[PDB]
Ligand SMILES: *[C@@H]1O[C@H](CO)[C@@H](O[C@@H]2O[C@H](CO)[C@@H](O[C@@H]3O[C@H](CO[C@H]4O[C@H](CO)[C@@H](O)[C@H](O)[C@@H]4O)[C@@H](O)[C@H](O[C@H]4O[C@H](CO)[C@@H](O)[C@H](O)[C@@H]4O)[C@@H]3O)[C@H](O)[C@H]2NC(C)=O)[C@H](O)[C@H]1NC(C)=O
Ligand SMILES: *[C@@H]1O[C@H](CO)[C@@H](O[C@@H]2O[C@H](CO)[C@@H](O[C@@H]3O[C@H](CO)[C@@H](O)[C@H](O)[C@@H]3O)[C@H](O)[C@H]2NC(C)=O)[C@H](O)[C@H]1NC(C)=O
Ligand SMILES: *[C@@H]1O[C@H](CO)[C@@H](O[C@@H]2O[C@H](CO)[C@@H](O[C@@H]3O[C@H](CO)[C@@H](O)[C@H](O)[C@@H]3O)[C@H](O)[C@H]2NC(C)=O)[C@H](O)[C@H]1NC(C)=O
Ligand SMILES: *[C@@H]1O[C@H](CO)[C@@H](O[C@@H]2O[C@H](CO)[C@@H](O[C@@H]3O[C@H](CO)[C@@H](O)[C@H](O)[C@@H]3O)[C@H](O)[C@H]2NC(C)=O)[C@H](O)[C@H]1NC(C)=O
Ligand SMILES: *[C@@H]1O[C@H](CO)[C@@H](O[C@@H]2O[C@H](CO)[C@@H](O)[C@H](O)[C@H]2NC(C)=O)[C@H](O)[C@H]1NC(C)=O
Ligand SMILES: *[C@@H]1O[C@H](CO)[C@@H](O[C@@H]2O[C@H](CO)[C@@H](O)[C@H](O)[C@H]2NC(C)=O)[C@H](O)[C@H]1NC(C)=O
Ligand SMILES: *[C@@H]1O[C@H](CO)[C@@H](O)[C@H](O)[C@H]1NC(C)=O
Ligand SMILES: *[C@@H]1O[C@H](CO)[C@@H](O)[C@H](O)[C@H]1NC(C)=O
Ligand SMILES: *[C@@H]1O[C@H](CO)[C@@H](O)[C@H](O)[C@H]1NC(C)=O
Ligand SMILES: *[C@@H]1O[C@H](CO)[C@@H](O)[C@H](O)[C@H]1NC(C)=O
Ligand SMILES: *[C@@H]1O[C@H](CO)[C@@H](O)[C@H](O)[C@H]1NC(C)=O
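Residue numbers (the authors' numbering), protein chains in the order written: chain C, 294 to 309, 312 to 321, 321A, 322 to 347; chain A, 31 to 141, 150 to 185, 187 to 309, 312 to 321, 321A, 322 to 398, 411 to 505; chain B, 189 to 241; chain 6, 512 to 547, 569 to 664; chain D, 512 to 547, 569 to 664; chain E, 512 to 547, 569 to 664; chain 3, 1 to 31, 31A, 32 to 52, 52A, 53 to 82, 82A to 82C, 83 to 113; chain 1, 1 to 31, 31A, 32 to 52, 52A, 53 to 82, 82A to 82C, 83 to 113.
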């Protein structure tokens, strides 16, 4: 299985207080896409055949 | 007779070198003071008085203070104890605030800046709705200029929170005796002349070490164990210069240190049951903290260490001293904790001398930081409470920590500079005598006896 | 006429959790190995001295 | 020295003398092996490491011929390749440290020989008490 | 298998074989019983539970006839109602698991019989050394 | 009482009786000596103090003549200045508490005498097995 | 305040294994006590079967009971059980669980008639 | 730097139990040492009474002292005590506590005249 978030992220340090770091999300460098996973169709159909058997 | 059998002897005296944990021990006189106004006589067993220093004869063990254990364990124990004596005390998170600071009321010249800055600021009271305006004094080394008007902030307020030390617990050293547990013994090399590494021909086993008071000092280590007759220098390698040189001399040099500025502490209520101890009035003159030393005794001890240092570098060798080459504050000066307040005192007056092969008193000015960050952690700073009264202390200088400059290119002179470095070189000045061994019983040996059926 | 709480200038206060109740459950004390608890079973016994039973 | 004539003093005192002289003083090195809010964990792990080492030594003895006899003649022979020295010389000439340096290689085979000898003695005693 | 002929291998290796074959390999199951910031409490309670179980077993042995002999004939007889099988059959026919399933009921009376036998032997030996 | 005739009951039951009667019941006082997020430290230090005391007692026995015999005749004599009473009177007349009050002074010299006697017996047995 | 209550059959066939069990409340089993079984044939006197102890005594019976009596204590359930293997019809008797203490058999059980009949 | 100081009587009746006690400072008792008692009749030579050890040696005395001498060490108080039961007036002597070490009796006590008189 392959899984990815393709949205590139930039973290940003915001100082909450003395020595308190919070990590927010900055810019989306690039396209705004949707995170997704992939599996091979044939191997998944074959393994479903195996578990059916 | 030649049909030799074997025999197991249990309880054979033989040991090996090992690395195990250790055993705290404090004297019961420090236990007599109630509620632990020094750290951890409850986290440390009471010392059995006059324990067994049983001698060993015709025994040769190789000691090595540089790859020694238990100095790492002493460093870890003191660090963990210093952390464990702060978790009760008050965090100074609400103190990080915009400070309106001016100079202290003083007839200051424009050349010499005021070391003390008065600072007024907002502060929360016990009640959340009401805030108060309050003033205090701080040093130059604790405030920076955030950016007409002149407004400051504390130095630590953008790296870490600070924990104010409790005025109950004092930082004066009580002597720590280290003891081995069961199945281990501490061999003390009792040799008079012993340079820290190699075979010690006169050792003695022991169960508990001597009184090792943990002092915190960078150069000019204080109140240590002085040598028997000579002045002994010790190095892991004298030809190497990256390693320090621990100089332990015989006659302890008396040092007098004082802050003459009389101080009045002031309790400011941060919140419910939260006390902060600021500086109030300077009752009297505004003077500068200083540390004396005796001129003749210091010149004599420098002559002694020159006479001893010429052994490892040839007779016709010029030996000169210099001050520290730079870096952070607390390795340039020599720093310590007198009366529960920290001194950072300049040492250029003690190390301007050169030495050829053939009633006064040195004063040297100090500076007083109120916050400290010792051991150089990532997120901890200790604020120290200002103490009442003119403060003085007398101490016995025992040894130096020197460093040879990286001399090349065919020079007769070889200069020395005092370098603090790691704190472990203090404890390596007091754990050179001891090592820890594991007893292994049940040796086996051939003899002539057969077990009958 | 404005008030404050009584404790607010000596200490902070911890509100008790409504889960944990303060009603006493009986505690039995027991000795460990190598120790024994002697109970003076005398009827008339004023707390001090020889207990014959 | 002080303990001359009546050859004894405190523990590890015989460690410099020869092994023949040190053999008469073994009870105290056997003795000083057991007795002696986060530091309690250090104290406790030291104490249980001490009793674990002592129990391992007592179990190593107990599977051999001697439970607590503290000097045990046994039935395994001695390879003279191991010592390869004069027998009465080592009891007037060598320390236990030097002897343990000598037979450092020749270890852990002796213990299996001891276990084989003790199990053989046990099965022989079982047969002897069986046929009677 | 690999350990055929010279019948031994690692601990619990004889657990499948018969009790007669397993009786020759008992030293290692005796051996692997002792040696082996909040997790230190778990480690410590595991270690002290191990040494408490081992000391309870050694004390149960020590009040009987054998301190560390590891095979002990004794003076108590055997009720044949308990085993009620052929004697030499069980050493070639039964595992220790099946034998412990057999005498699960007939337990804890044997131990008091052993204690009575040992105390009787002790008072008899005290009388024997007293009148001499 | 209930245990009259067959003189036994639970542990510390014989503590009121005379030492001659109490001598027949010693196995249980020996038995009830070992078995029995910050409170775990208290439980653990209690358990390891119990096993440390038990191991110190077993080691004090093991360096004497008896490992686990629980009644040990030995080879040291008795100074009659210590007891200075009629011998058979104390086994029908005295409790163990009163006897321990009697010989409170005369202690810790007996133990060194026991160690000297055991080491002398060990060197005599070593010589006896050596010349054979 | 101790209370002993027997439980088990009162009608069994001869040449079988008889077993009762007496529950104990009001006190503890592991006391200075012999938890005992005592019987009585009907119209006749008592017959002490045996005891067991809450300490570590070995149980001692009447030798007339022919080694067929095993009294087993259950300290985890505060009970103690009589056994009688190979019974006969002449062993019909009231059975009693009791407690020997510093006084002699203070708290008994009520005592139940086991009538062994074929 | 060791310092030994005797304490006790100097005038006792004969046929009694004599006992001194020497306090030790400057070092430890449990060292490679025999903490010893040595006496001297007045005008005459020394007379070694006996010793005790800070290790685990059994104390060994002069057999001329007729087994009336028990030297007992007190490691919890850094002391060691002489005893002498059934004294006579001829046992009048200066008494000395001392320390046998790798050198021979370096630090003594000052030595006090016990004059046994009736
Ligand atoms: C540890 O201790 C040592 C020992 O004192 C300190 O070393 C001294 O440091 C100071 C400065 O840090 C050195 O500098 C001296 O400053 C004096 C004051 O400066 C005023 O005057 C000069 C003009 O001379 C102006 O430019 C300046 O803006 C100030 O208005 C000077 O007067 C000194 O000059 C000296 O040398 C010249 C040479 O021509 C002479 O003509 C002068 O009369 C005078 O003697 C000098 O510039 C001082 O030199 C150091 N002392 C020594 C003995 O060398 C360390 O600073 C201290 N460590 C730390 C961290 O502070
Ligand atoms: C302590 O808290 C008080 C209360 O907030 C602070 O006082 C206030 O500070 C602000 C910032 O300077 C003042 O605003 C400015 O005031 C000046 C002068 O009036 C005006 O010219 C500016 O335009 C701006 O409004 C505010 O007035 C002032 N309030 C009061 C009542 O003084 C104070 O700064 C805090 N710190 C200290 C050290 O007192
Ligand atoms: C070790 O000793 C030497 C002198 O032998 C010290 O050198 C001196 O260092 C100071 C500052 O570190 C120099 O002061 C200068 O003052 C002017 C005045 O305003 C300032 O503008 C400069 O920036 C500088 O601060 C001083 O000139 C210098 N001495 C010489 C002769 O050059 C050195 O600091 C000492 N090191 C330590 C750690 O004390
Ligand atoms: C280095 O060591 C010596 C301490 O013995 C100190 O050297 C001193 O340096 C000052 C510099 O102004 C000298 O002051 C003047 O020197 C000229 C000669 O150049 C002289 O004619 C003047 O009358 C005036 O004294 C001073 O004499 C000199 N000391 C000696 C004994 O010659 C200095 O304190 C040390 N360096 C540092 C950085 O601490
Ligand atoms: C998941 O991603 C991996 C990335 O490595 C793919 O593996 C590669 O697939 C290509 C296409 O067939 C091959 O040419 C490479 O040799 C493969 N490399 C490795 C290391 O396996 C994989 O095919 C992907 N799977 C799916 C189902 O998308
Ligand atoms: C450091 O301060 C101490 C303060 O006690 C000084 O010691 C005194 O010095 C004076 C002057 O010589 C003597 O009269 C006193 O007898 C000393 N008292 C004691 C207790 O020693 C010491 O001299 C100072 N040292 C230096 C180098 O300044
Ligand atoms: C899986 O593969 C078989 C063989 O080609 C096919 O008949 C079947 O329809 C496949 N399953 C799916 C869900 O496509
Ligand atoms: C140290 O004393 C000697 C002897 O008086 C003298 O020659 C030397 O110059 C002194 N050293 C210093 C740095 O004054
Ligand atoms: C022990 O074995 C090593 C090889 O591992 C060998 O070098 C050494 O010489 C041996 N020791 C002795 C004393 O022969
Ligand atoms: C063990 O006793 C139980 C009764 O508790 C009985 O059911 C079982 O059959 C007995 N076991 C054997 C092997 O007879
Ligand atoms: C034990 O010794 C003390 C002296 O310490 C003495 O008073 C006491 O009488 C002695 N005990 C007996 C029973 O004599």
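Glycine residues also receive a C-beta, built at the ideal position from the N, C-alpha and C atoms.
Interface flag for residue 378 (chain A) against chain E is unset, since no Cβ pair is found closer than 7 Å.
Nearest CB-CB separation between residue 18 (chain 3) and chain D: not below the 7 Å threshold. The DSSP-derived three-state label of residue 61 (chain 1) is helix.
Chain A has a Cβ within less than 7 Å of the Cβ of residue 31 (chain 1).
By the neighbour-count criterion, in which 16 or more other beta carbons inside 10 Å mark a residue as buried, residue 501 (chain A) falls on the buried side. For residue 150 (chain A), there is no enclosing alpha helix (DSSP H), since its DSSP letter is neither H nor E. For residue 612 (chain E), the enclosing alpha helix (DSSP H) begins and ends at 612 to 615.
Under the three-state reduction of DSSP, residue 58 (chain A) is assigned to helix. Under the Cβ criterion of 7 Å, residue 131 (chain A) is not counted among the residues facing chain E.
Taking 7 Å as the upper bound on Cβ-Cβ separation, chain D lies near residues 573, 576, 577, 580, 583, 584, 587, 588, 591, 594, 595 and 599 of the segment 573 to 600 of chain 6. In the DSSP assignment, residue 192 (chain A) is bridged to 182 (chain A). Among the residues of chain A, those whose CB is under 7 Å from the CB of residue 198 (chain B) are 314, following chain order.
Among the residues facing chain 1, residue 85 (chain A) is included, as its CB has a counterpart in that chain under 7 Å away. Contact holds between the segment 450 to 466 of chain A and the segment 244 to 261 of chain A, because three or more Cβ pairs, one in each stretch, are under 8 Å apart.
With a threshold of 16 other beta carbon atoms within 10 Å, residue 592 (chain E) falls short and is exposed.
Near ligand 2, meaning a beta-carbon closer than 6 Å to one of its heavy atoms, we find 130 (chain A), 158 (chain A), 159 (chain A), 160 (chain A) and 171 (chain A). Residue 54 (chain A) has a beta carbon lying at 7 Å or more from every beta carbon in chain E.
If you draw a straight line from the Cα of residue 575 (chain E) to the Cα of residue 220 (chain B), it comes to about 9 Å. Here the alpha carbons of residue 521 (chain 6) and residue 31 (chain 1) stand approximately 8 Å from one another. Going by DSSP, residue 4 (chain 1) is part of the beta strand (DSSP E) stretching over 3 to 7. The alpha carbon of residue 45 (chain 3) has as its nearest neighbour, out of 96 (chain 3), 6 (chain 3) and 86 (chain 3), the alpha carbon of 86 (chain 3).
DSSP places residue 45 (chain 1) outside any alpha helix (DSSP H), giving it a letter other than H or E. 533 (chain E) is the residue among 533 (chain E), 518 (chain E) and 517 (chain E) whose C-alpha sits nearest the C-alpha of residue 625 (chain E). Between the segment 628 to 642 of chain 6 and the segment 70 to 83 of chain A there are fewer than three inter-stretch CB-CB distances shorter than 8 Å, so the stretches are not counted as touching.
Between residue 60 (chain 1) and chain 6, the shortest Cβ-Cβ separation is not below 7 Å.
It is roughly 25 Å from the alpha-carbon of residue 230 (chain A) to the alpha-carbon of residue 34 (chain 1).
Beyond the five residues adjoining it in sequence on each side, residue 595 (chain 6) comes within less than 7 Å, by CB distance, of 647 and 650 in the same chain, given in chain order.
Those residues that have a beta carbon less than 7 Å away from any non-hydrogen atom of ligand 10 are, in order along the chain, 634 (chain D), 636 (chain D) and 637 (chain D). By the C-beta criterion, the segment 325 to 336 of chain A is judged to be in contact with the segment 284 to 300 of chain A, since at least 3 inter-stretch pairs fall below 8 Å.
DSSP places residue 631 (chain D) inside the alpha helix (DSSP H), whose first and last residues are 628 to 634.
Counting along the chain, the unbroken beta strand (DSSP E) around residue 38 (chain 1) starts and ends at 33 to 39.
In the assembly as shown, residue 482 (chain A) is a buried residue. Its beta-carbon has 16 or more other beta-carbons within 10 Å. Taking all protein chains shown into account, residue 477 (chain A) has 16 or more neighbouring C-beta atoms within 10 Å of its C-beta and is therefore buried.
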